[PDB]
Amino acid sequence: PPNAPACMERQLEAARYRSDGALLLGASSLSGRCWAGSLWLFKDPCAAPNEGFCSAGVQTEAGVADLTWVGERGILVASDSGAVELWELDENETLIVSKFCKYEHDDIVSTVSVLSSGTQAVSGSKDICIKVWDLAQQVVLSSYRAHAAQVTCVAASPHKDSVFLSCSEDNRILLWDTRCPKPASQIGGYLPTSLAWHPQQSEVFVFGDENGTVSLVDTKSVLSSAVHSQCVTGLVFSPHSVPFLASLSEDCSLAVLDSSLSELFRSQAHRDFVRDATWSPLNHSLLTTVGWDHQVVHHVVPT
């Protein structure tokens, strides 16, 4: 309460920390009578996934494929309906109110990422298109049909509003730069599934494929390791000065990696697919994963 659903949906999709350490959990019902979704807030992360001990909650019309923070209050959401939703918290952060819900994609919106500025963001859909959004004006600035298949993951550049990555089932990894007349650029194997920029190095990123392999790549011009047995669902760097790379998969296992992609930590705690991971800014050693088993597993990474 207040004005929030009693039962949270089974399949936990997204998990993100903001600066002060409140946990944003997004969820879909991927089976049963009603195929809806929901957005949640946990100022006590240890209380999750218990519904009664949460700060805020709200019902969405359709399921949640991906979400992300917009600074400290806003919540950008990728819907099944073919729409990017923006939800903003109220004054006391008790309610979660919808700011807009623009139906622009023709298929499920799969991936979403906020740009360096914070006034704009980018989405990726099963309709093949990638759209750059203005969050103030609530409109599509540009609409790009670069790929020839479903857009699997898009990842905004950390410090450059123009630059971002995208990957798709057409086997392309596009480096974008909206200042060029032709903004997309093909970098270059099995289909690329997840993307993550290096937080310190602007010219370096990592990508996971569908065959359970994470690879380190420089924009100019290669190291890789067989981490997982199945598809790499997500790649999240830690907040440390020399950061560690968390890697998720459909084999139901977490793996934290070093600079040269060697196995430091392993966890087979989840019984279903591990969907999203996030590092606490209060304690950098902790790591929170969520999965379709409806677990919120708080790990202790040895560093």
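Residue positions are given as counts along the sequence shown, with the first one as 1.
Per the record, residue 188 and residue 189 are separated by a gap of 4 to 9 residues from the deposited sequence that were not modelled. The entry shows a gap from residue 221 to residue 222, with 1 to 3 unmodelled residues of the deposited sequence in between.
Looking at mean Cα B-factors across 155-163 and 195-203, the upper value is held by 195-203. Across the two stretches, 123-131 and 136-144, the PDB entry reports the greater mean Cα temperature factor for 136-144. Ranked against the other modelled residues of its chain, the C-alpha B-factor of residue 18 as given in the entry falls in the middle third.
Residue 80: CA B factor in the lowest third of modelled residues in this chain (values from the PDB entry). Among the modelled residues of its chain, residue 213 has a C-alpha B-factor that falls in the lowest third, as given in the PDB entry. Ranked within its chain, residue 92 lands in the highest third, by CA B factor from the PDB record.
Split the chain's modelled residues into thirds by C-alpha temperature factor. Residue 171 is in the lowest one.
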